[PDB]
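Inside the fold
Here is how the chains run, residue by residue.
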Amino acid sequence: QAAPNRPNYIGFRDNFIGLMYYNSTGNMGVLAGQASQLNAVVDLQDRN
Amino acid sequence: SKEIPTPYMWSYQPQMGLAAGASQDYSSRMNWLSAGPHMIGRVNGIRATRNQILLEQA
């Protein structure tokens with residue numbers, strides 16, 4: 001005897017979270033001026 | 001650093017009613033590290049007011 005399997009749907013996440021390293025210093029991404037030597041995005045661990 | 005210090009805030013003792021030993025204020029600081037000259041001379045102009053309000057309040 002044989003039953004159909006337990007279905008799933010490997011899709012992308014809701015609203016494309018889990019694709020960008022947010023809020024985690026350690027491979028963190030920066031908006032800045034081109035000649036600025038600065039950030040405008042510094043992240044913290046507890047912030048979501 | 002030495003000139004505009006972040007003020008020592010106390011802590012309340014509920015049992016004895018005395019002062020529980022103070023601590024550096026570490027929960028109101030601006031994150032001015034991502035700022036050029038036209039604001040880090042403004043942020044230091046803010047802390048230099050709360051270090052003068054707290055002396056005209058004391």
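Residues numbered from 1 in each chain as written, not as in the entry; some residues may be left out. Chains lettered and ligands numbered in written order. Part of a larger assembly, values for the part shown. Heavy atoms only, no water.

- Method information in the entry identifies cryo-EM as the source of the structure, with 4 Å recorded as the resolution.

- The PDB entry lists chain B under the name Pre-hexon-linking protein VIII, from Human adenovirus F serotype 41.

- Per the PDB entry, chain A carries the name Hexon protein and comes from Human adenovirus F serotype 41.

Focus: the overall build of chain A
- Along chain A, the regular secondary structure elements total 0 helices and 0 strands.
- Overall, chain A is about 70 × 25 × 15 Å in size when its C-alpha atoms are taken along their principal axes.
- Taking all 48 residues of chain A together, the buried fraction comes to 2%.
- Accessible surface for chain A amounts to roughly 5200 Å². Of this, 51% is attributable to carbon and sulfur atoms. (Helix = DSSP H or I, 4+ residues; strand = E, 2+ residues; numbered from the N terminus. Buried < 20%, exposed > 50% of the residue type's maximum accessible area, 1.4 Å probe, protein only. Areas by Shrake-Rupley, 256 points an atom, 1.4 Å probe, with all protein chains shown as cover.)

Observations regarding the side chain of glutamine 13 of chain B
All names here are of chain B.
- For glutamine 13, the location among the structural elements is in the loop between β1 (8-9) and β2 (23-24).
- Since its relative accessible area comes to 17%, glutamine 13 is described here as buried.
- Side-chain polar atoms of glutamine 13 contact the side chain of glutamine 15, separated by 2.4 Å.
- Contacts of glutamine 13, omitting those with residues within four sequence positions, involve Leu18 and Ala20. (Polar contact = N/O pair within 3.5 Å; in protein donor to acceptor, adjacent residues only side chain to side chain. Contact = heavy atoms within 4.5 Å.)

Side note on the environment of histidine 38 of chain B
- Looking at the element boundaries, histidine 38 of chain B is found in helix α1 (residues 37-57).
- Considering only alpha carbons, one finds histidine 38 of chain B and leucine 55 of chain B, 17 residues apart in sequence, at a separation of 27 Å.

Here we look at the pattern of salt bridges
Residues and elements named next belong to chain B.
- Following the criterion strictly, the structure yields 1 salt bridge over all chains and no others.
- Salt-bridge contacts for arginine 50 lead to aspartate 25; the nearest nitrogen and oxygen are separated by 3.2 Å. Placement of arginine 50 in helix α1 and of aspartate 25 in the loop between β2 and α1 is noted, with a sequence separation of 25 residues between them.
- For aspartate 25, a relative accessible area of 6% gives the class buried. (Salt bridge = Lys/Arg side-chain N within 4 Å of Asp/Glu carboxyl O.)

Describing a nonpolar patch on the surface
- A contiguous nonpolar surface patch, about 670 Å² in accessible area, is contributed by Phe12, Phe16, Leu19, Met20 and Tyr22 of chain A.
- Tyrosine 22 of chain A gets classed as partly exposed once you look at its relative accessible area, which sits at 49%. (Patch = residues over 30% accessible without salt bridge, like charges linked within 9 Å, V, L, I, M, F, W, Y side chains within 5 Å.)

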